[PDB]
Structures are given as C-alpha cells and as structure tokens.
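Here we start with a single chain on its own, the form deposited in one PDB entry, put down as structure tokens.
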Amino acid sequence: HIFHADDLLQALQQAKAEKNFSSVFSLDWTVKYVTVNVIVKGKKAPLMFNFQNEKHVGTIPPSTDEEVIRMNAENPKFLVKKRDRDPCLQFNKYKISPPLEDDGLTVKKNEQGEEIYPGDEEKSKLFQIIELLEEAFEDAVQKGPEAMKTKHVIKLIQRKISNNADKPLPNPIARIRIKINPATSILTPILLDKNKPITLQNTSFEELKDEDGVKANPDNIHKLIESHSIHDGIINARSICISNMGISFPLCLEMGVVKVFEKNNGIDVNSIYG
C-alpha cells in the first residue's frame, strides 16, 4: 500500500495537536532493522508514501574525474569533487530562498526588526511531513525498550552547517537517498521523464534518458537530475536502522518522475521580459 502525502500530513498534524504520536506512528519492537508502521484513514501498513511538486535544490556531483573537470571549468565559484557516496535529492523548507545578505547566511530584516520569510504558499509540503516524522521517531525512541533509549539518535533534517561552520541555516534541508546497489552498480529506483507522457496498454511516462539515449545509471545521474528540477515520486521509509552510532530513519526514493528546470515558463512578469 502507498499512503497519499496529503492524508499522511493531515494525520500527523492531528496527532501532533492531540499530543499523541503513537496513535499513528509505531515501531515493531553490527546492524539491525526494525519496521515502521503508520495508521492513516484507519489503515495500518508499513510506511510508504508519495509526493508531488517538490523542488530539488543542489548539485549531484559526478562519478568520473573527466566530468568533475568539465563542471568546474564552467562554474568556478561552486566547485564539486568526485562522488563517493550515493546521490541525494535535497528539498528545503521554502521553495524560494528568503532575502539573504551578501555573506549568504544572515537573513535581511524589515521595518520592525523582523526577519523576512516567504509566504506559506512557498512552504514545501514534503518538508512538513519530514519534520513531523522526525518528531514521531523522536517520541517513539525514548518511549521504547530499555537498551535503545540510551543511544544516539540521528536527525532527519539539517538545520545548521556542520564543519564558516556551525551557523544556523536560513533554509533547512531534508534529503532523500537514491540508492546504488554496490554489488551490481545498478541504480535502484525507477526513473521517468515528466516531459514524455506515453500511452498505456490500458497514460504513463517514458523512462528517463540522457543525450545518448541511455537510461539513468551512476554515470548518467548527475546530468539527469540537475538543480531546480521538479520531482514527483514514491518514498520507502519502511524501517529504522540500529547500530553502534545510534538509530537512523533513512528515506529512499523508490520511484521518481523528473521535470527539468525551464526558463520562461508560466504566466508571470518574468516571462514578459526576456
């Protein structure tokens, strides 16, 4: 079963207001995996949900040194290095950045000293879900068995720079992992092209493919998922991870439909000029 994002968000908002998270979030109590179940519109099932209209902001680094040279040769301010982990999708709290100063981290203020932030129409709904899943995971872990409660919990959402360091981000970040099978070197999720609707034996989309016609793979992916693309898909959050360093709540893309960024789209004043 796949929960619809809207229903899931509406059900974690109501549990949050009723101070009762275990009404919809429940864990089925080296490395070890434990199942995440959720109850939505009266249905209990392990946690898989969909998402729509989410703006990826970030640069997936490439896998070959040749591609590192090329990308850096035409973007000297924002250098990349060869990719040494699975790619991530990055979805911020706001779909547009709030007015920032020249140092790039301090948010401009207004007439009464109030920091400015975009209207709520610019709030990411997927981010709002991941915020409340983090609270549920948090609530769950300190309410469970004895051996786990005293262990280190790893956060879902980045709120400040790690290691200019440590200062708080004006637009925090949630990440969706795109897994590469390390034995086989095959990209795990199915990837489709929003711009290529197709006809169903029964209304689908063609597989996603690069300039030379090849399906998305680890050598492709940095070219096929660029910054400011719009994404729809399905997320697997079926289980938590327990080890040494603590407890994790990983989120992995299982299917995605991808729409590349285009300028002069939509009826607005930016399309009237240029």
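When you see a residue number, it is the position in the sequence shown, counting from 1. Residues that one form lacks are left out of the comparison. Superpose the two forms; the largest set of C-alphas matching within 1.5 Å is the rigid core.
The same protein also has a form deposited in another entry, omitted here; what follows describes it.
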_With the two forms fitted on the rigid core, I'd like to know which residue in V68, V57, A45, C241 is displaced by 2 angstroms or more at its CA between the shown form and the other one._
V68
_Checking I116 here: with the core superposed, does its CA move 2 Å or more between the shown form and the other one?_
no
_Is_shifted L79 between the shown form and the other one (CA, 2 Å cut-off, rigid core)_ = yes
*Sticking with residues common to both forms, list the runs of three or more in a row where every CA moves 2 angstroms or more between the shown form and the other one, core superposed.*
64-80
